[PDB]
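Asker: Have a look at this fold, sequence not included:
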Ligand SMILES: *[C@@H]1O[C@H](CO)[C@@H](O)[C@H](O)[C@H]1NC(C)=O
Ligand SMILES: *[C@@H]1O[C@H](CO)[C@@H](O)[C@H](O)[C@H]1NC(C)=O
Ligand SMILES: *[C@@H]1O[C@H](CO)[C@@H](O)[C@H](O)[C@H]1NC(C)=O
Ligand SMILES: *[C@@H]1O[C@H](CO)[C@@H](O)[C@H](O)[C@H]1NC(C)=O
Ligand SMILES: *[C@@H]1O[C@H](CO)[C@@H](O)[C@H](O)[C@H]1NC(C)=O
Ligand SMILES: *[C@@H]1O[C@H](CO)[C@@H](O)[C@H](O)[C@H]1NC(C)=O
Ligand SMILES: *[C@@H]1O[C@H](CO)[C@@H](O)[C@H](O)[C@H]1NC(C)=O
Ligand SMILES: *[C@@H]1O[C@H](CO)[C@@H](O)[C@H](O)[C@H]1NC(C)=O
Ligand SMILES: *[C@@H]1O[C@H](CO)[C@@H](O)[C@H](O)[C@H]1NC(C)=O
Ligand SMILES: *[C@@H]1O[C@H](CO)[C@@H](O)[C@H](O)[C@H]1NC(C)=O
């Protein structure tokens, strides 16, 4: 059995008022064996799913019929529950697109002069999502022309005219258009009137009226617009620059509206916009800081772990502003416990148990978003198995030496190792040591130590035993060590290595120069074996040169043990 | 399913002629799942087990009833067969004990002198096992007295008298006794006559007549007897010594028969025995060579191995004479093959396959005996499984750096790795490579490399896929390295470390001294952080002493990457 891992997460749904169907489907599907029970949260609490009600679970999908803004707008969160564990899905926002009408009362006309700029505030109503604004010169559908004299704001909707003349007299009206996922809605305002006086025949300095704000909190990958429209006679050129840097040249325009389509982290900084004509200039500044969603850097994965082991899980996320990772067991938040410790970051287990098995979730959150990561912790109880890594079945041992017999079975938790020789239980003494990781240390080994070494590994699930046959032979001992000597260039030198060993076994002689071995397969070679017998292993250097000096080690070994002695040969004084 | 491992091997049975029952049980039992079919070999060929015949399988045991020496004296060798493999047991000798009668014809009398020693050969018949010999002075049942004047040999049975006198006249007869596992048999010889002349009143030098042989090939743990009886007037003292060593003092006797109960390898050498009286001495020599059975030093074990892997199994035996080690597959002997190498020793597989699964046996054989060791080789075909070692899930990468993504699944044999990005299969080029162990190496990494990398592992059992989501972030770069400086004792020194990183992540600064870290938790400590900001990580050494000189490394890291710069601070000129 394995826990629920999601393949369909719920998406945030903008439901239009001009909809084609009357149902909202929020999707949730998670792979588990057995298939999981799905429960939904509405605003944190557990919402009820009786038959005959307006909330229907079709398998894992939630279908809401008859939705309204006053009932069903908000937080939807799916939960998949197994007997292994319970996982919590991603945040779904069901949000309702609305567009209120304008005020139907009388609005005052605006008086101005010919040749000066005029403002006309739109006063737009409450809305979701962001409106696209237009203005009119006459009735519907006669729009304003989109020239360089009249400007409709994309942020506040207000109409700004840099210079009025005799052709601007008409019936003004604001207009708004909401573009949604399934429909498009358009409203228009109450009608306005502009009254104009006689012409002031002067040229004057500009002043910036339509202003982009002081801090624009951008996000990565989304289009950012800024406005710097101004008054003027004549019409002023608009210049954009960066105060603490330089602009990228793919989108530099001489326009009152600056639209940046792909915002990355080089777009963060201080911006200055400028209206300039032949009577002078005006500048105003602002800032764009570029913020980011959380993405994961490293996550947690499905861990089979033993009972009682230490375990560290790391889960880290990147984002500007920098996220607080918060942890979950089975849908409820995991605090610091008796064995489970959250550092709001990496999660440690001191001594695991069977209560700590389940689905664990890593939540990364800031004010730009919240992401989730799931992992199954399977804390396993295991019997001691000597099939994979047993006690050594045949243990050769040197007479008078010291051997190490490990008993390390595959066990969860750490098994009690009780050693025995035949039917006699081995205790610590001054000669035989039972170390509690499993190893048996036998020093000063004689002929009474041969036999039946049986390890009993025991924990609360079960018991097992393993058997090592131990036989004690004589050790390999060098009887004549080689002697260090200094020679000249081209002399003969013979080094002795006599060994003694148990005559059941087979002794061989390796000779090494600075712990690197000596080739003897060259015909006419300069290294020769001398007095080749069972116990005599002598080495002759013939015609010695400058590369033949160093430390020669005679290593007389059998297949179960070894002995080594050293000598130093120098070839030049 | 697992192979047959023996728990009952057959033992060599000496069957008596004076038997209590008429059946021979030779035992064979091997643990296997399913339980094994047992076939016996007798003298190498397969022996037929029809109902109504005189050879009955009671499960695994062989019962031979009505046994005779002319039919059933021979070797028996058990075989356990399952569909995994076939194992061959240790050889059991069924050998029949027999004791023939003496010759019933007339034997000649022996004439000698009074005071001189006499020999009387027994001429014993054919026998198994070794007989214990006695002689007589008259008819049955009075024996010879066991004094120092008359000696019965344990090797040839011949009676030797060192000095004859007037009380030795009688009816002599040899006698032999066989001690066996279920009965004891005794025979006695044809009657003899010793004729004696007048007494020679002289004292003379001894001469050794009953001689221990020149080479006595002993074994370990076996009692060895030697004889050095001699003639003489008076009765000579017998001395034993070692020529190439010294005797152990636990068994030194002044006796004509030297019996050593426990023979080890210090008993091997040259021996001299001596008969001495007041008219002189005599010495003769021999040799005892201590030999051994094969014992194993290192055996083979039950191995699950992949298809196509190299595999070396060592198998080694100790014993004098030194054992030739032979290998078996399934009852037939394994020579060198197209993929299987036997070097009469270690066994090498170059590329394994499904034909090479089965039970493999290791035989050690010399002329003192043969021993066996069995191991299952399970050559396994495996599908690619990414549950234990996947392609890593959420990959970070530096912008313009270098990554390696391993696709190493658990697969038997080595799976073909086909990498992909989305739906398009990655080829070698000059920017991205696919190494054939599974490693996708990407250099010069930009924003077009961000996405979904799927490894396909394919072999002839099956296919699997794994998926790594890779995001490309800007690397940690040190914008201003620390500078090396020379200071005096007690000066302040400030080292700068300015770094730059992608601001989606978080940056930390580790400061190390000769790649060992710097403690900052001391109040009033001599190492201080300076200008603690997001990107500025400076270090001030205050009141510098002689232990503060070395190489300081500033390692500015995030959690997915790092950058390091070095400086050298010395405190004394
Ligand atoms: C759920 O939350 C949203 C805003 O958080 C709220 O508008 C809505 O009325 C809430 N619904 C219920 C049933 O509490
Ligand atoms: C507004 O009036 C001035 C003066 O008559 C003229 O030069 C200008 O072109 C007019 N603008 C438009 C858009 O007609
Ligand atoms: C046996 O000896 C070792 C070595 O001192 C010690 O660590 C261990 O605790 C002892 N075992 C028991 C059961 O006391
Ligand atoms: C050792 O293990 C085997 C396998 O279960 C069991 O049959 C046997 O009784 C054990 N021996 C002891 C002494 O517990
Ligand atoms: C080694 O010794 C022999 C006799 O001492 C001598 O003839 C021979 O030349 C020597 N070898 C070399 C390489 O000098
Ligand atoms: C089997 O072998 C033994 C000696 O190797 C021999 O005495 C016996 O007659 C043989 N039996 C048969 C049936 O060949
Ligand atoms: C054999 O004869 C001699 C001489 O009469 C005597 O000294 C000796 O004791 C005799 N031996 C025995 C065993 O009676
Ligand atoms: C792709 O490139 C690596 C690196 O040179 C090389 O080892 C490998 O054989 C190439 N793959 C193929 C299918 O040729
Ligand atoms: C990847 O593996 C799954 C598991 O068998 C399989 O259903 C799927 O079709 C595979 N995809 C490709 C592209 O081979
Ligand atoms: C470090 O610098 C300040 C100002 O230069 C000085 O007053 C102080 O004594 C210095 N520290 C030591 C330990 O000399």
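Answerer: Received the coordinates, thanks. Residues are numbered from 1 along each chain as shown, chains lettered A, B, ... in the order given. Ligands and ions are numbered 1, 2, ... in the order given.

Asker: Residue A:93 - nearest residue in space that isn't next to it in sequence?
Answerer: residue A:12 (4.1 Å; C-beta to C-beta, 6 or more residues apart in numbering or on different chains). No exception for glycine: its C-beta is placed from N, CA and C like everyone else's.

Asker: helix or strand for residue A:11, which one?
Answerer: Under the criterion DSSP states H and E, no helix or strand holds residue A:11.

Asker: Find the nearest non-adjacent residue to residue A:199, please.
Answerer: The shortest distance from residue A:199 to any non-neighbouring residue, by C-beta to C-beta, 6+ apart, is to residue A:114 (4.1 Å).

Asker: Compute the number of surrounding residues for the one you found.
Answerer: Neighbours of residue A:114 under the rule other C-beta atoms under 10 Å in any protein chain shown: 15.

Asker: Could you do residue A:175 as well?
Answerer: The number of residues packed near residue A:175 is 23, by other C-beta under 10 Å.

Asker: what bridges to it?
Answerer: residue A:134, residue A:188 (DSSP bridges).

Asker: In three-state terms, label the residue of the stretch 301-450 of chain A found nearest ligand 1 for me.
Answerer: Closest contact between the stretch 301-450 of chain A and ligand 1, by C-beta to the nearest ligand atom, is at residue A:370 (14.3 Å). Classification of residue A:370 by DSSP: H, G, I helix; E, B strand; the rest coil places it in strand.

Asker: Excluding covalently adjacent residues, which one is nearest to it?
Answerer: Excluding its sequence neighbours, the residue lying closest to residue A:370 (C-beta to C-beta, 6+ apart) is residue A:91, at 5.6 Å.

Asker: right, is stretch A:538-550 up against ligand 5?
Answerer: Yes: shown here: stretch A:538-550 in contact with ligand 5 (C-beta under 6 Å from any ligand atom) through A:542-543.

Asker: May I see the buried residues of that stretch?
Answerer: The neighbour-count check on stretch A:538-550 (16 or more other C-beta atoms under 10 Å in any protein chain shown) flags A:538-539, A:541, A:544, A:548-550 as buried.

Asker: about what we covered before: for the residue of the stretch 301-450 of chain A closest to ligand 1, the count of nearby residues, please.
Answerer: If you count neighbours by other C-beta under 10 Å, residue A:370 ends up with 15.

Asker: residue of the stretch 301-450 of chain A with the smallest distance to ligand 7?
Answerer: Using C-beta to the nearest ligand atom, the closest approach of the stretch 301-450 of chain A to ligand 7 is made by residue A:447 at 44.5 Å.

Asker: List the residues that contact that residue.
Answerer: Listed by C-beta atoms under 8 Å, 6 or more residues apart in numbering or on different chains, the contact set of residue A:447 reads A:399, A:472.

Asker: same thing but at 7 Å, please
Answerer: Neighbouring residues of residue A:447 by C-beta atoms under 7 Å, 6 or more residues apart in numbering or on different chains: residue A:472.

Asker: any idea how far it is from ligand 5?
Answerer: From residue A:447 across to ligand 5, the span is 47 Å (C-beta to the nearest ligand atom, to the nearest Å).

Asker: Ok, residue A:425 next?
Answerer: Taking C-beta to the nearest ligand atom, one finds residue A:425 at 64 Å from ligand 5.

Asker: Not counting its neighbours along the chain, what's nearest that residue?
Answerer: The shortest distance from residue A:425 to any non-neighbouring residue, by C-beta to C-beta, 6+ apart, is to residue A:418 (6.6 Å).

Asker: do residue A:427 as well
Answerer: residue A:434 (7.5 Å).

Asker: now do residue A:416
Answerer: Closest residue to residue A:416 in three dimensions, ignoring its sequence neighbours and counting by C-beta to C-beta, 6+ apart: residue A:458, at 4.7 Å.

Asker: Where does chain A get nearest to ligand 6, which residue?
Answerer: As assessed by C-beta to the nearest ligand atom, ligand 6 sits closest to residue A:504 within chain A, at 28.0 Å.

Asker: what's around the spatially closest residue to that residue that is not a sequence neighbour, how many residues?
Answerer: Nearest residue to residue A:504, sequence neighbours excluded (C-beta to C-beta, 6+ apart): residue B:318, at 3.9 Å. Neighbour count of residue B:318, defined by other C-beta under 10 Å: 25.

Asker: Assess the claim that residue B:318 and residue A:507 are in contact.
Answerer: No: with contact defined as C-beta atoms under 7 Å, residue B:318 does not reach residue A:507; the gap is 11.2 Å.

Asker: what sits against residue A:24?
Answerer: Each residue near residue A:24 by C-beta under 7 Å, 6+ apart is listed here: A:13, A:15, A:64, A:67, A:94.

Asker: got a markdown table for the residues you listed, with secondary structure, distance to ligand 1 and neighbour count too?
Answerer: Formatted as a markdown table, the contacts of residue A:24 follow (DSSP: H, G, I helix; E, B strand; the rest coil; distance: C-beta to the nearest ligand atom, whole Å; neighbours: other C-beta atoms under 10 Å in any protein chain shown):
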| residue | secondary structure | distance to ligand 1 | neighbour count |
| --- | --- | --- | --- |
| A:13 | strand | 14 | 18 |
| A:15 | strand | 14 | 21 |
| A:64 | strand | 12 | 19 |
| A:67 | coil | 12 | 17 |
| A:94 | strand | 9 | 20 |
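
Asker: From residue A:497, how far out is whatever residue of chain A ends up closest to chain B?
Answerer: Going by C-beta to the nearest C-beta, chain B is nearest to residue A:504 of chain A, at 3.9 Å. Separation of residue A:504 from residue A:497 (C-beta to C-beta, to the nearest Å) stands at 21 Å.

Asker: and if you look at residue A:255?
Answerer: 93 Å.

Asker: Looking at the two now, which is surrounded by more residues?
Answerer: Each of residue A:255 and residue A:497 has its neighbours counted (other C-beta under 10 Å); residue A:497 has more, 25 against 14.

Asker: and the more buried one, how far is that from residue A:99?
Answerer: Separation of residue A:497 from residue A:99 (C-beta to C-beta): 100 Å.

Asker: Residue A:568 sits in which helix or strand?
Answerer: Taking DSSP H and E as the definition, one finds residue A:568 inside strand A:562-570.

Asker: And that strand, how far out from the chain middle?
Answerer: In this view, strand A:562-570 has its centroid 55 Å away from the chain centroid, taken as C-alpha atoms, centre = their mean, to the nearest Å.

Asker: again, but for stretch A:418-435
Answerer: On C-alpha atoms, centre = their mean, the centre of stretch A:418-435 falls 50 Å from the chain's centre.

Asker: Is it in proximity to ligand 3?
Answerer: Yes: legend: contact between stretch A:418-435 and ligand 3 by C-beta under 6 Å from any ligand atom is shown at A:428, A:433-435.

Asker: Can you say which of the residues you listed are buried?
Answerer: With neighbours counted by 16+ other C-beta under 10 Å, these contain buried members at A:433-434.

Asker: from the residues of stretch A:418-435 next to ligand 3, which two are the most distant?
Answerer: Farthest-apart pair in the residues of stretch A:418-435 next to ligand 3 is A:428 and A:435; separation 9.2 Å (C-beta to C-beta).

Asker: follow-up on the earlier one: residues touching the residue nearest to residue A:370, list them.
Answerer: Here residue A:91 is in contact with A:75, A:77, A:370 (C-beta under 7 Å, 6+ apart).

Asker: How about residue A:259?
Answerer: A:223, A:225.

Asker: Quick check: bridge partners of it?
Answerer: Counting by DSSP bridges, residue A:259 forms beta bridges with residue A:225.

Asker: Please apply the same query to residue A:419.
Answerer: residue A:455.
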